[PDB]
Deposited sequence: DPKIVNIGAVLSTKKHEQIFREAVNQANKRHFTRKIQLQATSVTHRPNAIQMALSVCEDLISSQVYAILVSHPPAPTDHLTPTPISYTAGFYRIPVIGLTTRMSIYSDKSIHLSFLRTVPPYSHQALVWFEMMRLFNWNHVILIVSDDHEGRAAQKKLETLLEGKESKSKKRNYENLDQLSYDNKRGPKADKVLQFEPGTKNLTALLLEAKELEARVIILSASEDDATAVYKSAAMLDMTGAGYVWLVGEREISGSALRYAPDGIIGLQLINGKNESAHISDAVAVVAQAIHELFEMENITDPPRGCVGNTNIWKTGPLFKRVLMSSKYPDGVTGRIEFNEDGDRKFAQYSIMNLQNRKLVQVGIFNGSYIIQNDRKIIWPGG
C-alpha cells in the first residue's frame, strides 16, 4: 500500500465538495501513485469565525492535511489562514481578491489562484501605453485596498506619469470637494479604486460636476462596475472582469492539479515529515511546512482551466486574464481581453465618455 496524503478544503457547497473529491481522484489517476496517494478531506464554511477556526482543527488538521483549499462562501478565509498558519500548513485561496492576503506578516503561508484587486494596475498600465495616456489622476479610497492599488501602480510608473493621487475616506457620500481638486488639474484620464458603494459616491459627484462627458476618460476595476456601482456609472467607462474569477469549480480543478504536482515533487526530497495530527496539545510548526510552501510557490502549471498558473513572490496568481469592459448605452460590452501579458482588442469599438 501507498502512503496516504490528505489535502483539505473549505468550500461553498456540498456540490463543490464533490468536485474537490473528484479532482483529487483524477490527480490520483493521472499521477504515478505507488509511493504516495492523495485523499480529499473537506467541509463547508461555518456561520462565524470562531466556529470556522474550530472546524479547521477538528475536521481538517485532525486528518493531517498537507494543504487547505479555501473559497469565498455564498465570513472571510481569515480564520482558516490564521489556524493553518499557526502550523505553517499552506492555504490556497480560490476566490478572494482582497489585497490584505498578500501580506506575509499576517498571512504566512497563503497562496491564491486568483490575483488581488490591486494587480488590475498591470492592466491599466498596459492600457496607458496602448492608448497613450501619459498623464493621469489616480483616485483611491483611503483603506487597505485603495492604498494597495496605488502602491502597485506607482511601482509600474517608476514614460507615463501620475499627475496627482487623491485619497478619500471610505463611506464619505459627498466628494464634490475631492473631485473639484482633480477638475482643476489638466490631465483628464482618471483611474479609480474603491469598493462598490464608494464608487457610487464618486460617480454621482463626478456627474454633478460634469466630469463624465467628452474629453474625460474613466479607467476602473471590477468592483467599480459591479452590483450597485453599475446603477450610477457614467457611459464610456472602461472596467475589468477577471475571467473565471468567480468560477469555484474551475479554481478547485486547477488548485488540485497544482497541489498534486507539488505533493509529488515534495516527496522526491528527503526527510519530509507529516503535519501534526489535530490541534490539541500541538504547538510546534509542521517542520516541512516552509519547504512545502517553497515548492508550491514555484510550481508552474501551463494547461490550466483558468489559464497559465504561476505564483509571484507574495504567492499571488500571475498571468491572470481580464475582460476589458466598456459601458455602452448603459450595457457592459467586452471590447477586449488582457491575456496575461498582452492587450488584445476585439472587433467591438470602444465608445469613450461623450461619444
In deposited-sequence numbering, the unmodelled segments run 75-79, 164-186
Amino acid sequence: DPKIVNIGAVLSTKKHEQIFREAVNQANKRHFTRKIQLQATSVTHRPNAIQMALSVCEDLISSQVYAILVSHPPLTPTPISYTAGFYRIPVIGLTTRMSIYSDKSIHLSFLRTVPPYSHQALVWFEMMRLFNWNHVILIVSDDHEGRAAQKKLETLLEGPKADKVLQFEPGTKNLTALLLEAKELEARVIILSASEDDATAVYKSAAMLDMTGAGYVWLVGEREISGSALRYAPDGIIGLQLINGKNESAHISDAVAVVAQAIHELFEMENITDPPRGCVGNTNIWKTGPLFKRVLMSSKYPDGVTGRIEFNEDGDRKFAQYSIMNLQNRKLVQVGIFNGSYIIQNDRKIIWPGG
From here on, numbers count along this sequence of modelled residues.
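By rigid core we mean the largest C-alpha set that fits within 1.5 Å across both forms.
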Comparing 180-188 with 235-243, larger root-mean-square C-alpha distance from this form in 8 other deposited structures of this protein, core superposed, belongs to 180-188
Average Cα temperature factor in the PDB entry - higher stretch of 31-39, 309-317 | 31-39
Once average C-alpha B-factors are taken from the entry for 61-69 and 297-305, the winner is 297-305
Criterion, highest CA B-factor; candidates, 242, 177, 219, 250 = 177
From 112, 107, 161, 223, which pick has the Cα B-factor that tops the rest in the entry?
-> 161
Split the chain's modelled residues into thirds by Cα B-factor; residue 193 lands in the middle
In terms of its chain's C-alpha B-factors, the third that includes residue 131 is the highest
In terms of the CA temperature factor given in the entry, to which third of its chain does residue 20 belong: lowest, middle or highest?
-> lowest
Chain-relative CA temperature factor third for residue 96 | middle
In terms of its chain's C-alpha B-factors, the third that includes residue 281 is the highest
